[PDB]
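S.K.: Following this: a sequence and the matching experimental structure.
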Amino acid sequence: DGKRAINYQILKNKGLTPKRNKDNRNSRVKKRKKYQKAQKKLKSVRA
Amino acid sequence: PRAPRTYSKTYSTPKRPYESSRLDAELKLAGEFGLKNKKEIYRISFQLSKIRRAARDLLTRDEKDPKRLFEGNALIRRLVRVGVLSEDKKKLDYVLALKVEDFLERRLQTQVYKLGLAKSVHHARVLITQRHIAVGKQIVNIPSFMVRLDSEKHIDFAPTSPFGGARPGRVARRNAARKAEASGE
Amino acid sequence: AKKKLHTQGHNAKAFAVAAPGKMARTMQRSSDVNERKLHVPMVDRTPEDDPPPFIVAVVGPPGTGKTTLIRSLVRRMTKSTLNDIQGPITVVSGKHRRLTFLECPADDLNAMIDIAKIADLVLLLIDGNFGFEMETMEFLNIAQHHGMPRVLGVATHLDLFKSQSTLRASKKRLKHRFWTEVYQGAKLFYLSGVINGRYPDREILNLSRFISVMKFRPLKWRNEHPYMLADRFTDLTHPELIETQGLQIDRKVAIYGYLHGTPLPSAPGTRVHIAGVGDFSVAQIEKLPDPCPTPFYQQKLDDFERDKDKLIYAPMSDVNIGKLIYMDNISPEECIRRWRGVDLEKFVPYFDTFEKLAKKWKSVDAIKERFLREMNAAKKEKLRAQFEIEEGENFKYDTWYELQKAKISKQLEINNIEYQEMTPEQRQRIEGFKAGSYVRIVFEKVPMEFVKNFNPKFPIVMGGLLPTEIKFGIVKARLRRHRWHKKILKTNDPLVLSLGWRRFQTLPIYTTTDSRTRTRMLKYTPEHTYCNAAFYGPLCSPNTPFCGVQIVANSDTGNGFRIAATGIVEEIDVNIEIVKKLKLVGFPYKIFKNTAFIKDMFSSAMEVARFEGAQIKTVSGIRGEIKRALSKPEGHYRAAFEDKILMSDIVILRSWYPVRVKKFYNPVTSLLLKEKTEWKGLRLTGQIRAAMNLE
RNA sequence: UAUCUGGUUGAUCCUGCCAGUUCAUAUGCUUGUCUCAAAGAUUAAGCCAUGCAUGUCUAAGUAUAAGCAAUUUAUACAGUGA
RNA sequence: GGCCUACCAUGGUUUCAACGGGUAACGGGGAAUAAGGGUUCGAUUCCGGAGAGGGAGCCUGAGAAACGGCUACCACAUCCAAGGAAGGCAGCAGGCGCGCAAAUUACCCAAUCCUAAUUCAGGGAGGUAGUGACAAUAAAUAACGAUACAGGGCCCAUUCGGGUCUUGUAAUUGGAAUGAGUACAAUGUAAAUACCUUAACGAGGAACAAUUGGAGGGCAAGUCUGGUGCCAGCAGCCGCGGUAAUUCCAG
């Protein structure tokens, strides 16, 4: 069609964001991937 | 001109913003009970905080004062009701004790994990917010539902959803729509 | 606290506030509201008596339809349905107000850039179903750099949407998106349908009322340059001149319009620029009665003497010492002899002889006017008079902005009581055709292309050029890649840019400053910040913002963003020394400890001698100097470094080679061209390679 | 201006000073879903275009509408009703 | 009832603060703040009072010193044929008050109730939706396996090691799940809209594209400043070429 379209850049209008994780997106995962990461440390501090 | 809709907030935030011990202490809880917020801990601290205040007060009144007897009893039975206060320690000097973990242990989130149907604290989150697991025939999608002793037996998958009969589900059926449309007619 | 308070004459303690809290909390909030009211002080220079029509210019995507939108606004203000609207049209909407609509072309950036310099108020319609197209976004960006007009957006195609819930969400999105482009708190009106060929009266009535109280602010460019919009176009040539010379002539042209902004001086011979044709000059200036007169204005004319049917004007569409001084036949000898009845090169004016002056100036009693119970009173009075003379300037508001604003307001009515005394003959020449005087100014040397290829649908304005602006020097501007535009700009790559009243492509050059010791050219543009730049072209005032584009031909746009470079100008000269860095590389072919023999950097042993003592450095970062031209081979030289150079190492001598600015200049001449879209100028470096198939 | 850490010494202390440490207005950025939903402020109780915000009839005060209606016992009236 | 008048008398209040002045003063229920004692605030959902541009006067009436009543003056201010006539948003909405600012000129009497001659009419009272993160509530942006080496475990260790119980960092992988949204229908509603339901649709990073602040380094044939070589310092959107050009400390 002849009618010109919005670019995804100028729609959301997010310019110059530094690269981020996928895991800030769902907080219940970053809680999971922290505790599962901070349970490996617990096996290393004590037995 | 209409009666105020009343409200109030349900959490309180730490005075000391950056205390490293409290921060590690908080995170471990989050990673244990599948929380997403420091607020989900802030919230409970606040709940506890008033419960403890009530109890402190009641304790100052004479033994067997009517209010104390009446309002203390009430608070104890409310706590035993949901499995926060053990049967033995049923007399409010231990509600004066009572930890945050005792409260977090009773969330529908954690209760689903204890049964093992979810198989994880986080699998327990995702299931709940996704319309599986119920109490009666009544679906519950709130992780903080707080499982009252006599419904613990009734945590189970819902009649709807997969996992509880009903039907597989659009993402699976969509595949069975590529099974019979590729290999057949 | 006991005696500090009592130091002042009034009891300090007695005066206090009943509430500390309310006094203090209210005091901060009131102050914030004020500070907000304060804005930097400006000048209006538009007349209180005869204001021009505030030009309102509908813009937007073409398939929405702005012709039927302007026909549903003029039929509710004058109750007279129009048809096939083309060109600028003036309608009286009120007892003192009378706006002038102007349908832009949507297809032409050559006119879209042109209109935003003059549109006082711009009505922007964005399709509700299609949101914002590129043409809306492109127009908003160009308008902001030149000077922001008052924008009142509207949203056609609102009726189409199937579900009201989805429609409400879409309205919020456009309203929120509009706030970022313009100013937050500004809401675009929505029109439900065009079933009868016009919008609903209730929606239109609100839109007409909202526009009426616009009270547009004064743009900086518009109060420095006399401008006008051409109402009707007229060629005044003999057809016998046409039949003899055979369509080759440049035609004598009379043009008609309303002046604006600042007084266009009435001595014929000021140079003045048609947007999109070229630099012309005025030849004859004449003022005729305006077709549309406000009813309040008409009443005054009727009273002095002692038009209801036509409420709109759309011509393009179908229905003494001083007068003894300023003569040149009189000699200045005769001028004073006519007034009573010498070279300026000597500084002391002509006196009389000291014989005649000493006898005259025996007594000083002629000049004693200029120096500095009843009796007692008189004396006192005299003293008072002298005290005022002795200390008057020293002896003679709450907010500084309000005061310094009185430097403008007192400056306004001291024009007005001055102009009033003149007013019938002297004021007109002094007035010089003041803003809104519907003037008939005629031209000459307008090309044949302009009268042949003309349609009234595109506008034509005049820019009264300042004598600053009339020349051609290389300007020092600074600019960046407009961050919507994808590719970065290249040095020495032509760029159409709208600087002042002119639209033109020139060959810029993008010149950083190596920590303010010189002007080094880059090769590209720093892709997120302003770089200092330079380009040939016309000259302007400093602190003038421009907004330069890429390919403006509508045949070649694509879906990319058109506006590529925005910025202001810093200063202007006629020569900027501009430096490209070159470095001379060399390689060592015999090293020692702390002394190298470096080959093939210099060709002859004489070439080295022009360069000895030069602070050579290497890749590795060690310094040195080059000292003597080695003889027995013709090229090489001995150079002492600070430490042992390797064999694997590459010496580089920094140096500076000056460059030039290519003096190409090309006004766009858009509506001299026949097709009036798709004006194609100089191609980009990448485009020429594809055409010539180079790599 | 209380409470806490931190500082002058090669060190240990105390008095001693300096350094950090809400909920009310504005502004900035951001704003997917449910429910809930308020909405003042230049010491200007300043000024107001336009539209609306006060009208009202039962079996039961007044009907010759040259009003509508017709039938239904109605030649005083009797329905309905401006 | 000194409320007012006539006669007559000389009384009345005051350091236990009269009288006067100030108030960015309507009073109260109350608010915020948490050892206690206090301190500060209340124009503002309820009660009371007062006012309707400013003053005064008054008609009607049970009730007004009424202003969506009248009369006069003052100040504003509109209409005109110049003779005259007319207006009072501190109701609802809406506009101005500066030259740079932000709630809709929408729907209904279905509820709540009020008024009338009255079940019926009227009600911008009030309710409905629309409109900037005032405050408050609930709480997505992902969940699980397999594999490829790497581990720490642990039994053995004369010495290869990996092999099961999983700690998890992985640049190929694997199928499951779900609403954000889009949408038959029914429900909702005065009618709509949303919600609660729910057919059909709707997730792999190149989306259906999480933010807003903060700590820290690195890079150039770059620039600048100082220096007892090659260093020290500031710093670096800028280099040499190049912007349909570069894939580039993956960004």
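M.R.: Everything's here; your move. Numbers count the residues shown, from 1 in each chain, chains lettered A, B, ... in the order given.
S.K.: Return the residues of chain A in contact with RNA strand D.
M.R.: A:12, A:13 (Cβ under 7 Å from any atom of the strand). Every residue, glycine included, has its C-beta placed from N, CA and C.
S.K.: Count the residues that sit near the residue in chain A that chain B sits nearest to.
M.R.: Closest to chain B within chain A is residue A:35: 2.1 Å, counting by Cβ to the nearest Cβ. Using other Cβ atoms under 10 Å in any protein chain shown, residue A:35 has 21 neighbouring residues.
S.K.: From residue B:24, how far off is it?
M.R.: 12 Å (Cβ to Cβ, to the nearest Å).
S.K.: Centroid-nearest residue for chain B?
M.R.: residue B:107 (2.2 Å; Cα atoms, centre = their mean).
S.K.: in what helix or strand does the nearest residue to that one once chain neighbours are set aside lie?
M.R.: Closest residue to residue B:107 apart from its sequence neighbours, by Cβ to Cβ, 6 or more residues apart in numbering or on different chains: residue B:144 at 5.4 Å. Per DSSP states H and E: residue B:144 is located in neither a helix nor a strand.
S.K.: Alongside RNA strand E, which residues does the stretch 501-650 of chain C contribute?
M.R.: C:512, C:514-515, C:517, C:520-529, C:531, C:580-583, C:585, C:594, C:617, C:619, C:621-623, C:641-644, C:650.
S.K.: Residue 3: what's it in contact with?
M.R.: In the absence of a named chain, chain A is used. Contacts for residue A:3 were tallied using Cβ atoms under 8 Å, 6 or more residues apart in numbering or on different chains; they are C:61, C:63, C:127, C:130, C:133.
S.K.: meant chain B actually
M.R.: Contacts of residue B:3 by Cβ under 8 Å, 6+ apart: none found.
S.K.: Phi and psi next, for it.
M.R.: phi -50, psi 130 (degrees, to the nearest 10).
S.K.: Repeat that for residue C:168.
M.R.: Per degrees, to the nearest 10, the backbone of residue C:168 is at phi -60, psi -40.
S.K.: Contact partners for residue C:130?
M.R.: A:3, C:61, C:157.
S.K.: Quick one: those residues as TSV, columns for distance to residue B:10 and secondary structure too.
M.R.: Output for these, formatted as TSV (distance: Cβ to Cβ, whole Å; DSSP: H, G, I helix; E, B strand; the rest coil):
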residue	distance to residue B:10	secondary structure
A:3	49	coil
C:61	50	coil
C:157	45	coil
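S.K.: how about CSV for the residues you listed, with distance to RNA strand E added?
M.R.: Output for the contacts of residue C:130, formatted as CSV (distance: Cβ to the nearest atom of the strand, whole Å):
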residue, distance to RNA strand E
A:3, 19
C:61, 23
C:157, 15
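S.K.: want to throw those residues into a markdown table with distance to residue C:8?
M.R.: Output for these, formatted as a markdown table (distance: Cβ to Cβ, whole Å):
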| residue | distance to residue C:8 |
| --- | --- |
| A:3 | 74 |
| C:61 | 69 |
| C:157 | 70 |
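S.K.: Just give me the closest of the residues you listed to residue C:373.
M.R.: Of all the contacts of residue C:130, residue C:61 has the smallest distance to residue C:373: 89.4 Å, by Cβ to Cβ.
S.K.: Go ahead and confirm that closest one touches residue C:133.
M.R.: Yes. Applying Cβ atoms under 8 Å, one finds residue C:61 in contact with residue C:133, separated by 4.5 Å.
S.K.: Since PyMOL is what I'm using, could you give me a select command covering the contacts of residue A:3, but only where they're buried?
M.R.: In PyMOL, this line selects whichever of the contacts of residue A:3 come out buried by 16 or more other Cβ atoms under 10 Å in any protein chain shown:
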select buried, chain C and resi 61+127+130+133
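S.K.: separation between the residue nearest to residue C:224 when sequence neighbours are not counted and residue C:568?
M.R.: Spatial nearest neighbour of residue C:224, chain neighbours left out: residue C:262 (6.6 Å); criterion: Cβ to Cβ, 6+ apart. According to Cβ to Cβ, residue C:262 and residue C:568 sit 21 Å apart.
S.K.: neighbour-wise, which of those two wins?
M.R.: Counted by other Cβ under 10 Å, residue C:262 and residue C:568 do not tie: residue C:262 has more neighbours, with 20 against 14.
S.K.: Next one: the more buried one from chain A, what distance?
M.R.: 38 Å (Cβ to the nearest Cβ, to the nearest Å).
S.K.: Any part of stretch B:154-163 near RNA strand E?
M.R.: Yes. Judged by Cβ under 7 Å from any atom of the strand, stretch B:154-163 comes into contact with RNA strand E at B:160, B:161, B:162.
S.K.: returning to what we had before: quick check: the residue of chain A closest to chain B touching residue B:33?
M.R.: No. Residue A:35 is beyond contact range of residue B:33, at 9.1 Å (criterion: Cβ under 8 Å).
S.K.: Between those two, which contacts overlap?
M.R.: If you check residue A:35 and residue B:33 against Cβ under 8 Å, 6+ apart, the residues they both contact are residue B:121.
S.K.: tell me which element residue C:69 falls in.
M.R.: Using DSSP H and E, residue C:69 maps to helix C:67-74.
S.K.: Count the residues that sit near the closest residue to RNA strand D within chain B.
M.R.: As assessed by Cβ to the nearest atom of the strand, RNA strand D sits closest to residue B:5 within chain B, at 4.0 Å. Each residue near residue B:5 was counted by other Cβ under 10 Å, and the total is 5.
S.K.: Which neighbours do residue C:61 and residue C:133 have in common?
M.R.: With Cβ under 8 Å, 6+ apart, residue C:61 and residue C:133 have common neighbours A:3, C:126, C:127.
S.K.: re earlier: also near chain A: which of the residues of the stretch 501-650 of chain C next to RNA strand E, exactly?
M.R.: residue C:528 (Cβ under 8 Å from any Cβ of the partner chain).
S.K.: what about burial for the residues of the stretch 501-650 of chain C next to RNA strand E, which qualify?
M.R.: Buried, going by 16+ other Cβ under 10 Å: C:521, C:522, C:525, C:531, C:580, C:617, C:622, C:641, out of these.
S.K.: Out of those, the closest to residue C:381 would be?
M.R.: Closest to residue C:381, out of all of these and judged by Cβ to Cβ, is residue C:531, at 70.5 Å.
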